[PDB]
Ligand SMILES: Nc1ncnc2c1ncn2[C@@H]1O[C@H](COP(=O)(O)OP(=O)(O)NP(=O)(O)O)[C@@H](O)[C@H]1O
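Shown next as structure tokens: one chain only, the form solved without the ligand.
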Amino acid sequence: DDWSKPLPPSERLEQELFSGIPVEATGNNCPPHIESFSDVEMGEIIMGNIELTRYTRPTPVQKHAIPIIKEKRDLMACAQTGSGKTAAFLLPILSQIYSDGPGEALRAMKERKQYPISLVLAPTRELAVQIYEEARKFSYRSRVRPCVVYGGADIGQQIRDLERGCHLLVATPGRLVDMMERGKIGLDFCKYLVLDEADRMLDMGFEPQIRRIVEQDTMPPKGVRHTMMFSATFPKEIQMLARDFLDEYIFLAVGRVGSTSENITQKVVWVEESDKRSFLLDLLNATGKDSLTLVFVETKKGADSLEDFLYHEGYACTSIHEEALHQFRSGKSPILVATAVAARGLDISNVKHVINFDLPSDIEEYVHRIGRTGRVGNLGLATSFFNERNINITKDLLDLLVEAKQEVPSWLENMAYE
């Protein structure tokens, strides 16, 4: 029917949901920013829900991004967490879907598989649920039904959830590919693609899954679908990702934005192989309570040997190469030993200290690894063990450390010069 007319209100559900800076824009014909939500026609359903959420004026990122998405322009937005990114894309997306109906395709075949009108990819369960929870608020009294799926949980409840109707899907890339392989999700009619915290999604190694979802299946190509990318940082790989995924897009800088995470203190120490375990014990002994430590080693056998060592020294630790992660979630075993390939696509959360026991051969991988720590709330630590085996990344590491404005070892530079 008409999706602009609000359904009758449920006050039980109303209680459940609603009871709780410089910006530069670059691109062609960028729509003017708004000062007020009413400065754009977002319809009765959205405006009603905005009042219930007790939001008055739009945040800086919302002031610029909303009229941009409203005009169906692709968006590359560089903004930090807590900016109000979620409502910045949810509000105008849901608005359009209220104005436009479900579409000719959905209306022509309404009679397992669900075809979401909008897809929102997120790196973690935490962020996905936050986006979903706000999607519920703004979809209140509407015919749009948001669903959320993520890894590290029973896929059965999620599948049964999808079957009950899904127009907007919030998903972690890994679980989504699982849903597509099971024929439970089709992307044929996905007109709104949002990638939230894309730099973190690449840090966790979701890029093949992301390119599998966007470029290798049935999702409409750029210029047909409308795509929005949100990233706190703008490194090379994000730039290339935006070039691939976005079409004639506006770039948004909602403040200071660079190539590096900003919230990671990087320490590079020279440690010979035979001293690494002793140096590691010293680090662990200086590790406070409450703190979760992540330790990267290069090979699988290395992880095995290191884990055995730590247990024999009486350290509460677990390894990855299930969920050795409730053991890590909780802090039963606050030390996680892992290879990069095995931590890939896994939601390793609240790591305060990352230790590169072994360094990788590619500087890109180093950035992904240290990205496992650091949030706007608290500064994260990345300690890396370096020796003659890592000489061939000297120049690239040095270059990263200066760009990240980190302390540079007085010897690191001298060995690069060779």
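Sequential numbering from 1, following the sequence displayed.
The form deposited with the ligand bound exists for this protein as well; it is not shown, and the discussion that follows is about that form.
**Q** Tell me whether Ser36, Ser38 and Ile97, taken together, all sit within 4.5 Å of the ligand in the deposited bound form, counting heavy atoms only.
**A** No.
**Q** Taking the shortest heavy atom distance, is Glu298 within 4.5 Å of the ligand in the deposited bound form?
**A** Because no heavy atom of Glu298 falls inside 4.5 Å of the ligand in the deposited bound form, the answer is no.
**Q** Verify the contact flag for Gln130: yes if a non-hydrogen atom of it lies within 4.5 Å of a non-hydrogen atom of the ligand in the deposited bound form, no if not.
**A** It does: once the ligand is placed as it appears in the deposited bound form, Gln130 has a heavy atom within 4.5 Å of it.
**Q** Would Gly186 count as touching the ligand in the deposited bound form under a 4.5 Å heavy atom rule?
**A** Although the ligand is absent here, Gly186 would stay clear of it in the deposited bound form, with no heavy atoms inside 4.5 Å.
**Q** Quick check on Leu336: any heavy atom within 4.5 Å of the ligand in the deposited bound form?
**A** Although the ligand is absent here, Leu336 would stay clear of it in the deposited bound form, with no heavy atoms inside 4.5 Å.
**Q** Have a look at 171 to 179, 280 to 288, 75 to 83, 341 to 349 and name the one stretch with heavy atoms inside 4.5 Å of the ligand in the deposited bound form.
**A** The contacting stretch is 75 to 83.
**Q** Taking 4.5 Å between heavy atoms as the contact cutoff, choose which of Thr373, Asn356, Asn49, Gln62 touches the ligand in the deposited bound form.
**A** That would be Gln62.
**Q** Could you spot which one of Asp203, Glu197, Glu262, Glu237 gets a heavy atom to within 4.5 Å of the ligand in the deposited bound form?
**A** Looking at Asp203, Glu197, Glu262, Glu237 one by one, just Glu197 meets the 4.5 Å heavy-atom criterion.
**Q** Quick one: name the residues from 34 to 60 with any non-hydrogen atom within 4.5 angstroms of the ligand in the deposited bound form.
**A** Those in contact are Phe37, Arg54, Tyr55, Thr56, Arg57, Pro58, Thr59.
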